[PDB]
Structures are given as structure tokens and as C-alpha cells.
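K.L.:
Supplied in C-alpha cells, the structure appears directly below.
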Amino acid sequence: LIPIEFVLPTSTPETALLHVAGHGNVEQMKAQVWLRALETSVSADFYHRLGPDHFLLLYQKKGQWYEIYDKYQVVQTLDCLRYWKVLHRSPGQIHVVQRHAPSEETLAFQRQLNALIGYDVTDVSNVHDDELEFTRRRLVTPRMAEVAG
Amino acid sequence: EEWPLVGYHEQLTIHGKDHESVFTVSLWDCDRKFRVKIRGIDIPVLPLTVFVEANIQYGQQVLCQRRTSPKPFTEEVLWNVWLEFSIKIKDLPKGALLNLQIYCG
Amino acid sequence: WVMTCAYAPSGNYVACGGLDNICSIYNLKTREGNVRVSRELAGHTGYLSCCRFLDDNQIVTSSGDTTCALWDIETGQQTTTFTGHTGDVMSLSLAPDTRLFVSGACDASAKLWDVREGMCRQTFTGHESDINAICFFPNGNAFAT
Amino acid sequence: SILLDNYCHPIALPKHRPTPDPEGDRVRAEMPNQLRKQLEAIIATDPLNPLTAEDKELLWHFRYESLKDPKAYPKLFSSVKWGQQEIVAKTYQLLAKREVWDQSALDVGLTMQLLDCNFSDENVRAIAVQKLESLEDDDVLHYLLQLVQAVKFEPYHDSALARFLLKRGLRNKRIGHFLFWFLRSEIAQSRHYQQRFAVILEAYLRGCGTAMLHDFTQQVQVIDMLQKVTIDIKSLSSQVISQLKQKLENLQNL
Amino acid sequence: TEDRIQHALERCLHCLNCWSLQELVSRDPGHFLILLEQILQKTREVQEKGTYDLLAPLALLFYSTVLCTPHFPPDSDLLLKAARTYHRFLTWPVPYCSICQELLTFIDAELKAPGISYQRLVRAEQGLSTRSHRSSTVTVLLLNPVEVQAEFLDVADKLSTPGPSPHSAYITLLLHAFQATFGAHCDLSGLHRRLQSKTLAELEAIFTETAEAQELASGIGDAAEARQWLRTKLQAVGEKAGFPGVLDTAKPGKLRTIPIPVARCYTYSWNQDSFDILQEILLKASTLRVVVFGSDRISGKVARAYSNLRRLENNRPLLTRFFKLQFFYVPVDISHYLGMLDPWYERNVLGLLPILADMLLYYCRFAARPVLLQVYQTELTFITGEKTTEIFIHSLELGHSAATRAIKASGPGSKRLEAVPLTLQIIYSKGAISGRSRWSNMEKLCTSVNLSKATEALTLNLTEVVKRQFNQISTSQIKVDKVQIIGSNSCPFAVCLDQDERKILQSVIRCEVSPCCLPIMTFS
């Protein structure tokens, strides 16, 4: 029932005020937001064309952006909620952003790195789980702090 | 770089809850025994007697041991058998290794 | 890590204990004639250091929690608790009269206890180090440490 | 193939809660100088000491005596039984009061036994790495080969030793260079862990500066060309020498 | 009584014993609480010992018993104790947790509303409908006289007879409804006599005002409150009704086992194998129960009509617009296959008013576990270019065997009417457990091709002719799941599906094979 006003991917930009089922976890909120976008939105055709994987849930913490990578995370593990309660941000806002494809700069950089290493890092042909890719998405923040320091 | 940056036993137990408000089951409530299903093996080509042995391990430790019986040395073999472990599902440590050893004779 | 044992005067029971912090009482004359554990005298917070049977139903035990205790085998409960020691209690010895017993500790001192009441009657010193063993003089008016 | 029986709900092991454990709190006097004398003779043995279940017992009961003796730690946790659930709760309450380890003497010939094969826990290695955090750059450099060789045993991919190497390579350059070359050698060799090392190395190469990237690139090019020439040469008199000269001159041209 | 029930239970889970025990308990209502306590204790013996085997029979026994128990003491702890017993199984594999969650829902219904389950089940069975909550579970029987057995025919005839009446059904349901709640403070005879004098229309108005509270009280969180507020609801109803003093009497009114009024059973003779009979019967919120007798040959026909009906109704839902289909198999090769597999099936329903018809009005109400065989989708091609994907379910045939079948199934023609080999291309995928399929391709001079049973696997009898003259035959069975047969237009072959001659097909140039509401059921 937690009220969260969502920044919609498309429009003045349109924002949807909901009552998130915070009892469960992020999956419930995903289903609720999907249905609300399907029904309320005047541009509901846009999102009807697009499937579920064409949008991501990013939230602004202290200015930067964080990813809700695991839907299995429970509501309490969503630090955004506690952050808002301390800041009393009711309703909170989670930016529903539209996905995008990689650019050529990134692809060339990755090929360079893979040449240096001698072995692809984006290979997913010998893994029975996403341990590796989550290791990679997690090592970022320690590296950003190390470099900033 | 554009890549955006990515409980305890009291809150995650069945006891004290109605089944219709249950979503998780702590690994310690499970008093049962660990058991595995070894359906079989299939190799494109064999590069005598043969038989499996499964183990749980925690840092070169062998908490429990299990095995099976001799079998024909084909390119593919089946049991659908179950192997049950002594260690309860609440006794498992975070980091157990399920070793799977095809021996031959 | 058993550390002590004590044949009962009756001859029916034997007790032992150690690191387990429990005085496990064993029955030699069991219904089936096997060696079955009658009781697990738990409650001590340290290793069981020594124990002596008063009878088939009573037994005194010392431990590493710096206290002694009288037990009732039936209830498995510390009848009396002998507080006052400031060190791990290594040994004890029942007088011929079961109403008094002494106990030796690492504080280089011994203490005379009243089994009936549970008080320290006298405290003897003189040792420069831990007391490892203690027992009553045959008559019961003296003891060596 | 295998099947692990399913569950309508997922099985989420929590992490042990450390709570006031007063067996250490209110056992504070000193123990029999006999027991201490038979314990501290065992502790002062080789680090290859076989701990008999006798020894593991005597030490597992004296679990606040050997908590102020760092020279005993890889003999204390070599006894803890990991097959149970109360044992591990007690051992995760034992490590909750460690004021005689953090402020101990930073002996790094010891911390290299809390990061060995026999230990796979998630906090034994954490205290080991906490000890190593206070080393200095040259000290790190001296042993870095084994620290690399000591990320193989980290049961998972993401761990604390790996993040340690990462954080070390982004504030020095000699460390960065030698780390790069060792990780590259293993990725080219350690097929078993090559994916893990590749993850580590690539997470490293996004932080260093552009110039270091270019220097790596050029070194890699030179080694590659030299490997080509070498493999060509060992395909088989003075004609071979002249062919060496021709290939080297062309490489200069290439 | 206590020890006899316990020992009969020990016999129950080790062929008619299930029945002996339902009867024994049905005698005196006391027995029910004894059996329930015993079951519970045994289910904790399993909650703590192991042997998953014994969870399903015990859950079924508890469900069956509590389903008819005439009344539970208001102070009894049996249901809450049972809830605590089955709330510890969630840490078991699937489906045990599913079984137990469903059973706990049933216990929730019990506490929150007594006698709700029995009243719902019967009101579905008897076709009586409230203006709002309509229910119909009509069991129709399919029987071919010459295939079915005498006794069975007698059972069908008896079931066809409309034993119960709407007025008698309403009387019985009001009786059980008042006796589950009030129990010993209600004198059966009393009500029953202040009832028969009434009329069908009012008996309905009442049984409706009753069932409605039996629901509204079930759907509330305070099962104990809901309970007393339902005793109170029924009391406030029975006062107006006109039988006051019958209920809430300071005498120890005795309890008795009110039976289960049999459901609306219709019989229709099956001089057919197609399920068009079912649509024709239809031409004459709800479910439909179809029960059929299992002969050996009938197997093929039955499964082929299963496939035909499924695909037909997929093309256009007609029989699935108001009724949900439930098909039951009764033994009299699949019978052998299921006989040795499920010990509960081999104990209760494999062997089998009369005992047979009680165990058949029993089996049919409880079993809800669909166990299905891998239907095999096969698309054929002809010289004319006709392509369709009709299924066979037991075996397939091709070559000269199907032609022989037609040769003899022609009757008039079979009185007026060597295996030339077939140069055919065989492309079969030897399946791999790990998912690494292995392709192998040949062209061989084979006469007849016979797909037979072993996701599932398909064994295939090949009949190779190395030489014509008494053709040579080298029969080899090879496991295959996806098999492609290519046959030149100038080599049409006699293909038969399911061994039934009614579907012997010719002119085929190509046959593609690959493993793929109305369920068929299995007891456990």
C-alpha cells in the first residue's frame, strides 16, 4: 500500500501515483506499476507495444543513480524506502526509465580490453548462474571510491 | 562509466505465520536431511567397472560421503537414484561444496 | 575429556565428568544389566573438576565455575550451592561425617563447607600456588593439601 | 545431470547474529596452571601441527583463553566443527569481541595461514584481510605473488581479498603493473579460474589511467610479435640465423 | 473400537480396506474422532521420521474423514492441532507442500465454517443451485455392454436410477448442516419431522439462506468467532423457520452418520469410440465427470479420442464453455503399466448399494491428480499434399501391417479381398539426457515401421529387407523422440495410428515425429 509516485518513461512529463504493495518484494511493485501504466496512461499504446524488459527501475540516491538489479530483494533491503522515511519523502519516486542499446565507443573499448586480457569477460557460454556478471556489477562502487580517493 | 551502481532468522521463519502470508523459508527451519538425484551421465564418446561418489565438502573437509554401485561402462548410464546425506538442511554451512567423482576400475 | 570419577559407596552407581560441564551419573545395576546413564547433572558453567557420592541419590560435584554444589540425583538439581571461592575448584573430599566437606582451589586456599547449610566455616591459607589435591584426615579433624 | 528437489518457497539462509556470550565475560580468573601448561604446549607447535580431536576439544572449551593469543588462531579455528549449527553460532559470537587481535602485532607471517586452503569461512578470511589492510606498499609488493595465488581458494568469485587487490592496484603503479602481469599469466594458464581472474583484471583495467592502458597495449603487442617470431623459429644452420634477422627486421618494419 | 480402528488403519495403508474403515467409522460418530487423532499422530511420526511415501495416503484419509464427520465438539482441539501438524511440511519438496497448503485451506474452511465442505460438494453433486452460487458436478457413465462386466452393468443401472429426490436431498443437507454446527443440542428426528411436512420451495429458500452463511462465515479471520456467529446465524434462521426448541436442547441428543446422497448419474451406452457421443449428450461454475471402463484394445481408441476431442475443442470451445471435463479410467497394456507403478492405485481402485459402487462413488470424488502420457504430435504428408497433425498415443505403424489390418477389417470386402519393401529415408534424433541430441541419417529398404512406447521416449521397431523374393527381416529397436520419414510419391505406405483399423492411412509421402480442460486421472 506504500504510495510511490513514479516518473513515467514518456509524457509535460506524466507521473503516476500508486499504492505499492510493500508487503511483498519488488516483483509485486513491478506488476502493479505495469498494470497502472497499461490502464491510466494516455500513451498506454506506447507501453503496450513494449514488453517488460524495455524499462528499468533507477532511483536517485544522493544525486547518482542506482539499479534495482534483483527483484528478489525485500522491501526493507530497498534502501530508498528508509532513505525517504528519514527524509520523510512520502510518496517516494522511482524513475521508470527506458532501456537503450550500447554505442560503438563502448564496444571498441570492450574489444580492446578483451584483447589485453586474452579472454572475453562478456562470455556467458560456460556459466550455470549469473555469479560472474553480478561480481562485475558489484566491483564498480569500490573502484569508483578507490579512484576518487 | 555509465553503469549505475547496484536477513536474519527472526524475520525469515515459517513459525508464527499463516501459510497464506509466507514467502520465504529459513534454511534452519528445515530439519530434514539433504538428498540429491543423480539422473545419469552422457558423454559424446568415451575417451571396466565404473561408479560414482558424491561428497559434501567445506574447505578440504568431507562432512558426509555417499556413493553408488558398479555399472556398465557405456557412453551413457542412468539410475534416477536418490542419495541421502546425513547432514540436516539446517546444518549446512555457507560454502559447502558438492563434489561429484566418477571413479573407474 | 573426562577428568574425574567417583565410585559410589553403595556400589550401585558410578559418576564421572569433565569438560562437558555435566556430571553424568551411570548405573551399573540397571534393569537390563547394561551401563545406562541415570542422570545428566547440568547447571555448572565450567568443566566438572571432581565429585563424590554421598549416597545412591545424593552427590557433591566441583567445577571450574569457582563454586561447588550438592546435587539430588533424582531431581538432577543443585540442592545447595557453595559460593565464596575466588578460583577454579580443583578437588574436594567428604569427611566421614557427611555433613562437612573441604574443597581446594587455584587461589592457594581451602575452605571448610557446611553440607547441611551451605556456608564457608573456615578458610585456610599458606600455599604459594594452586591447591591440586586435598583430603580429610582419617579422624576428620585435619586435612592435607 | 542432476535435480535438486524444488520448493514452493526459496530457502534463504540468514547470517548468524552475534549476541552477548558471557562464558567469556564471567570466566575471568586464570585457569589451572596444569591445564594452561598442557594447552600452551600444544599451541606452541608447528603450523603443520595435526590437531587430534583431543586437542580440538581442549581448545574448543578454552575459547576465551586462546582469544588473546594471536599465535594460536590458525589452531583455534582448525578445531571448530562446521558440521553443526550451534557450533557456528558460538564461533560467530566468539569473533564479536576481538580487541586483542585488531590491536595486536601485525605479523604477516601469520595472516598467511588464515587465507590458506583449510579455511573457507566468510569472517576468518575477513579478519585476515583486515590485518593485511595495514601493510605498506613495499610489503604488499613482496608477497603479491601468493596473494594472487590466494584468491583461488576464495570460495565465491566476489570476496574481500579480491577487493583488496583491486583497491591496492589503483593507488600504486608498480603494484598495478605486476598485478596485471600475474593476472594475465594465470588467465592464459589457469583455465579452471580463468573466468574469475578475467573478471578481476577487467574490473581493474577500467580504473587505471589511459596512459597505463596504452603501455599495457604496447607491451602486449611486442610480446605477441616476439611469440610469433619464436614459434616460427623453433619450427626447426646459418640460414636459420639469417631468417631470424629477416623476421626481426620485418617486425621492425611491421 | 480404538484398537480395532488403529489396527484396521495399519492394514489400510499396507484392497477394500479403505472401505472397511469408512464403514466402521460410519457406524457410530465416536469412531471418527478416534481415527482422526490416530491419523494426526501418525502424520507427526512422519513429520519427524521421514519416508515421504506416507504423506499422500494420510492426507487423503484425513480429508475423507473430516469431510463427513457429523460434528466436532466446540471445545475440541482436533482441527487446530491438525493445522499445527501440517504447518511444518512447507520445508518439503513439491508437491508435498502443495498438498499440505491445500489441506490447510480445507482446515481453515472447517474452523471458519463447519460442514461447509460437505454441503458444497453435495450441492455440486445434486445439481441444486442457489440464485447466486450455482454448482453442478454431473457424473455421466460411458459403457459398451459387451466390453463391460455384468456386475459393473448392474452398478451402472443402479446409479442411473434417480435414487435421491430434490426434496429428500434438501432434507438431508439441512440435516447435516444443522448437525455439524449444533450437533448434540439438535434432535435429528425432531427437525427431520418439522421438515418433511414442509415444501420443496421453502426447503430451498432455507438451504440457500443456510449455505450463504456457511460461506460468509468461512471467509472471516476469527474462525472461533465466525463459528459461534454461525451457530447464532442458523439459530436466528431456525427460529423464523418454525422448528424452535428442536435446537439448543439441554438433552444429550445423539449424533449419527448422515450419508452422502449420490450424485446425478446418467448412463449412456458406448457403441462408439469418438467423443461426438458427448456433444450429442450435451444437446439433450460447473463440472462434468466422465467415467469409462478400461479394456485392453479400447486403450488406443480411448487415447485417440482424447487427442481428437482436445484438438477439436481447441479449434472451437464448445464442451468447455459451461462445464469442466473430468475423465476417469477404470481397469477391467496401460492397465498393466499403471498397475505396478502406484501402490495406492493397485490397492484401492485397480481391483474394482454394492461395495463396488460405494468405492466408485468414493474414488471419483477424491482423486484430483492428473497423470498424463506424452501425446505424440505427428504431421503427415501425402502425394496430394494434405498436411495435418493428428496424434497417436500408444504406438504407430506403417508398411504392410496396417494394410493387413485393413485387409481383414473390411468385412464384406475382407471376404472379397508378401510385404513389398519401402525405400524410405529415416532421420532420427537419438535424444540425450543432457540435451545434446545426436542426429543420424540413413536410407533403408524396410517393409514395416512400428513406433512403440518405451518428456518421454519412443522405441521404434524397424523391419529391414536386405533382399526380396519371404523378404528378409532384421528387427531392431532404437530409442528416438524426433523421427522424420521421407517416402517418394511412387512409394506410398499404409500408416496406422494407435493400432486402430479405423485410422489406417495410405498415400503418405512423409511422416514427421516429435513429442508434443479434460484430464485423465491417477489415484496417486
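If you're wondering about the labels, chains in the C-alpha cells are A, B, ... by order shown, residues count from 1 in each chain, ligands from 1 in order shown.
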With only C-alpha atoms as the counted atoms, please give the residues lying no more than 12 Å from residue 482 of chain E, apart from itself and same-chain residues fewer than 5 positions off, as a PyMOL selection string.
P.N.:
chain E and resi 376-379+426-432+437-440+451+455-460+511-516
K.L.:
Sorted by chain and rising residue number, which residues of chain D lie within 7 Å of chain A, and what are their closest atom pairs and distances in Å to one decimal, counting only C-alpha atoms, as JSON lines?
P.N.:
```
{"residue": "D:157", "atom": "CA", "partner": "A:135", "partner_atom": "CA", "distance": 6.7}
{"residue": "D:158", "atom": "CA", "partner": "A:135", "partner_atom": "CA", "distance": 5.5}
{"residue": "D:167", "atom": "CA", "partner": "A:146", "partner_atom": "CA", "distance": 5.9}
{"residue": "D:170", "atom": "CA", "partner": "A:147", "partner_atom": "CA", "distance": 6.5}
{"residue": "D:184", "atom": "CA", "partner": "A:117", "partner_atom": "CA", "distance": 6.1}
{"residue": "D:188", "atom": "CA", "partner": "A:118", "partner_atom": "CA", "distance": 6.7}
{"residue": "D:198", "atom": "CA", "partner": "A:121", "partner_atom": "CA", "distance": 6.3}
{"residue": "D:199", "atom": "CA", "partner": "A:121", "partner_atom": "CA", "distance": 6.3}
{"residue": "D:203", "atom": "CA", "partner": "A:139", "partner_atom": "CA", "distance": 6.6}
{"residue": "D:207", "atom": "CA", "partner": "A:147", "partner_atom": "CA", "distance": 6.6}
{"residue": "D:217", "atom": "CA", "partner": "A:116", "partner_atom": "CA", "distance": 6.6}
{"residue": "D:220", "atom": "CA", "partner": "A:116", "partner_atom": "CA", "distance": 7.0}
```
K.L.:
Residues of chain A near chain B: apply a cut-off of 9 Å, count only C-alpha atoms, and supply the list as a PyMOL selection string.
P.N.:
chain A and resi 24+58+64-69+77+137-138+140-141
K.L.:
Residues as selected, N, CA and C atoms, written as a tab-separated table (two decimals), in the first residue's frame, can you do that?
P.N.:
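Saved result, part-v7.tsv, follows:
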```
chain	number	residue	atom	x	y	z
A	24	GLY	N	5.14	-7.47	0.03
A	24	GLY	CA	5.97	-8.43	-0.65
A	24	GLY	C	7.34	-7.87	-0.97
A	58	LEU	N	15.42	2.82	-11.85
A	58	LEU	CA	16.57	3.50	-11.27
A	58	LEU	C	16.08	4.59	-10.33
A	64	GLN	N	23.36	10.47	-7.58
A	64	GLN	CA	23.68	9.48	-8.60
A	64	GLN	C	22.53	8.49	-8.74
A	65	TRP	N	22.74	7.48	-9.58
A	65	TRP	CA	21.70	6.53	-9.95
A	65	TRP	C	22.09	5.13	-9.49
A	66	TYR	N	21.12	4.40	-8.95
A	66	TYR	CA	21.32	3.02	-8.51
A	66	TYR	C	20.30	2.10	-9.16
A	67	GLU	N	20.72	0.86	-9.39
A	67	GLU	CA	19.92	-0.14	-10.10
A	67	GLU	C	19.28	-1.11	-9.12
A	68	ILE	N	18.00	-1.40	-9.37
A	68	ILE	CA	17.31	-2.48	-8.65
A	68	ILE	C	17.50	-3.73	-9.50
A	69	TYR	N	18.66	-4.37	-9.33
A	69	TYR	CA	19.02	-5.49	-10.20
A	69	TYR	C	18.26	-6.75	-9.83
A	77	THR	N	15.30	-4.24	2.28
A	77	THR	CA	16.59	-4.12	1.60
A	77	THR	C	16.61	-2.97	0.61
A	137	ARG	N	29.07	-6.26	-11.80
A	137	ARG	CA	28.26	-5.10	-11.46
A	137	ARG	C	28.51	-4.62	-10.04
A	138	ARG	N	29.06	-5.46	-9.17
A	138	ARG	CA	29.32	-5.04	-7.80
A	138	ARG	C	30.69	-4.39	-7.62
A	140	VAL	N	32.04	-2.21	-9.13
A	140	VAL	CA	32.11	-0.84	-9.62
A	140	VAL	C	32.28	0.15	-8.48
A	141	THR	N	31.40	0.10	-7.48
A	141	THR	CA	31.43	1.12	-6.44
A	141	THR	C	32.75	1.14	-5.68
```
K.L.:
Considering only C-alpha atoms, return as a short mmCIF file (atom, residue, chain, number, x, y, z; two decimals) with N, CA, C and O atoms, in the first residue's frame whatever protein or nucleic-acid residues lie within 12 Å of residue 62 of chain D, sequence-local ones (same chain, fewer than 4 positions apart) excluded.
P.N.:
```cif
data_model
loop_
_atom_site.label_atom_id
_atom_site.label_comp_id
_atom_site.auth_asym_id
_atom_site.auth_seq_id
_atom_site.Cartn_x
_atom_site.Cartn_y
_atom_site.Cartn_z
N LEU C 19 35.13 -31.84 30.87
CA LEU C 19 34.91 -30.67 30.03
C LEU C 19 33.45 -30.46 29.67
O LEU C 19 33.06 -29.35 29.30
N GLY C 46 31.14 -24.54 34.06
CA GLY C 46 32.52 -24.88 33.78
C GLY C 46 32.71 -26.38 33.83
O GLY C 46 31.80 -27.13 34.18
N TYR C 47 33.92 -26.81 33.47
CA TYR C 47 34.23 -28.23 33.44
C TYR C 47 34.04 -28.84 34.82
O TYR C 47 34.33 -28.21 35.84
N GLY C 64 34.73 -25.86 37.34
CA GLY C 64 35.58 -24.73 37.01
C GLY C 64 34.90 -23.39 37.07
O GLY C 64 35.51 -22.38 36.70
N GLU D 23 30.04 -16.69 28.63
CA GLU D 23 31.02 -17.68 29.07
C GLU D 23 32.41 -17.07 29.12
O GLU D 23 33.20 -17.36 30.02
N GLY D 24 32.74 -16.22 28.14
CA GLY D 24 33.96 -15.45 28.22
C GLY D 24 33.88 -14.28 29.16
O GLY D 24 34.87 -13.91 29.79
N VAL D 27 34.01 -15.80 32.95
CA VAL D 27 35.08 -16.72 33.31
C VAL D 27 36.36 -15.93 33.10
O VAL D 27 36.97 -15.96 32.02
N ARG D 28 36.78 -15.21 34.14
CA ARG D 28 37.82 -14.19 34.01
C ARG D 28 39.05 -14.46 34.86
O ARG D 28 40.14 -14.02 34.49
N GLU D 30 42.10 -16.88 36.26
CA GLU D 30 43.01 -17.69 35.47
C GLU D 30 42.81 -19.17 35.77
O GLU D 30 42.43 -19.55 36.88
N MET D 31 43.06 -19.98 34.77
CA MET D 31 42.74 -21.40 34.81
C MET D 31 43.86 -22.18 35.47
O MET D 31 44.98 -21.68 35.63
N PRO D 32 43.58 -23.42 35.89
CA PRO D 32 44.62 -24.26 36.50
C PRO D 32 45.92 -24.26 35.72
O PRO D 32 45.94 -24.56 34.52
N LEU D 35 46.24 -27.19 33.40
CA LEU D 35 45.56 -27.15 32.11
C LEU D 35 46.21 -26.15 31.17
O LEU D 35 46.41 -26.44 29.98
N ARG D 36 46.53 -24.96 31.67
CA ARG D 36 47.24 -23.99 30.85
C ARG D 36 48.54 -24.59 30.32
O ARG D 36 48.93 -24.34 29.17
N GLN D 38 49.31 -27.77 29.74
CA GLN D 38 49.11 -28.76 28.68
C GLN D 38 48.47 -28.16 27.43
O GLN D 38 48.56 -28.78 26.36
N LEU D 39 47.84 -26.99 27.53
CA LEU D 39 47.27 -26.35 26.35
C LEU D 39 48.34 -25.56 25.59
O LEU D 39 48.47 -25.69 24.37
N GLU D 40 49.10 -24.73 26.31
CA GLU D 40 50.06 -23.84 25.66
C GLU D 40 51.28 -24.59 25.14
O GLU D 40 52.06 -24.01 24.39
N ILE D 43 49.64 -25.46 21.66
CA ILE D 43 49.53 -24.30 20.79
C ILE D 43 50.89 -23.95 20.20
O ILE D 43 50.99 -23.58 19.02
N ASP D 55 42.87 -32.47 21.06
CA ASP D 55 43.37 -31.11 21.06
C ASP D 55 42.26 -30.15 20.69
O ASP D 55 42.06 -29.11 21.33
N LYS D 56 41.50 -30.50 19.64
CA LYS D 56 40.38 -29.68 19.22
C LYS D 56 39.41 -29.48 20.37
O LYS D 56 38.85 -28.39 20.53
N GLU D 57 39.24 -30.50 21.21
CA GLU D 57 38.30 -30.39 22.32
C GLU D 57 38.86 -29.42 23.35
O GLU D 57 38.21 -28.43 23.72
N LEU D 58 40.06 -29.72 23.84
CA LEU D 58 40.67 -28.91 24.88
C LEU D 58 40.66 -27.45 24.47
O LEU D 58 40.49 -26.56 25.31
N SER D 66 42.47 -18.77 24.42
CA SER D 66 43.21 -18.60 23.18
C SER D 66 42.62 -17.52 22.28
O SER D 66 42.89 -17.53 21.08
N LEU D 67 41.83 -16.60 22.82
CA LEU D 67 41.37 -15.44 22.07
C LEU D 67 42.24 -14.22 22.30
O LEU D 67 42.08 -13.22 21.60
N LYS D 68 43.18 -14.30 23.24
CA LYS D 68 44.17 -13.25 23.46
C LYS D 68 45.57 -13.74 23.14
O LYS D 68 46.56 -13.17 23.63
N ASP D 69 45.68 -14.78 22.32
CA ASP D 69 46.95 -15.37 21.91
C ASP D 69 46.90 -15.50 20.39
O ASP D 69 46.55 -16.56 19.85
N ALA D 72 47.93 -18.47 18.05
CA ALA D 72 47.16 -19.69 18.16
C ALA D 72 45.96 -19.72 17.22
O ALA D 72 45.27 -20.74 17.16
N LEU D 76 43.04 -22.50 16.56
CA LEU D 76 41.75 -22.44 17.22
C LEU D 76 40.63 -22.78 16.24
O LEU D 76 39.80 -23.65 16.51
N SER D 79 39.88 -26.29 14.79
CA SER D 79 39.16 -27.23 15.64
C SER D 79 37.65 -27.10 15.52
O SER D 79 36.95 -28.12 15.52
N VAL D 80 37.14 -25.87 15.43
CA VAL D 80 35.71 -25.62 15.34
C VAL D 80 35.09 -26.61 14.37
O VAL D 80 35.60 -26.82 13.27
N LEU D 94 32.10 -15.73 19.16
CA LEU D 94 33.47 -15.67 19.65
C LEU D 94 34.22 -14.53 18.98
O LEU D 94 35.01 -13.83 19.63
#
```
K.L.:
Counting only C-alpha atoms, which residues from chain D have an atom at most 8 Å from any atom of chain B, and could you show them as an MDAnalysis selection string?
P.N.:
chainID D and resid 1:5 9:17 82:85 117:121 155
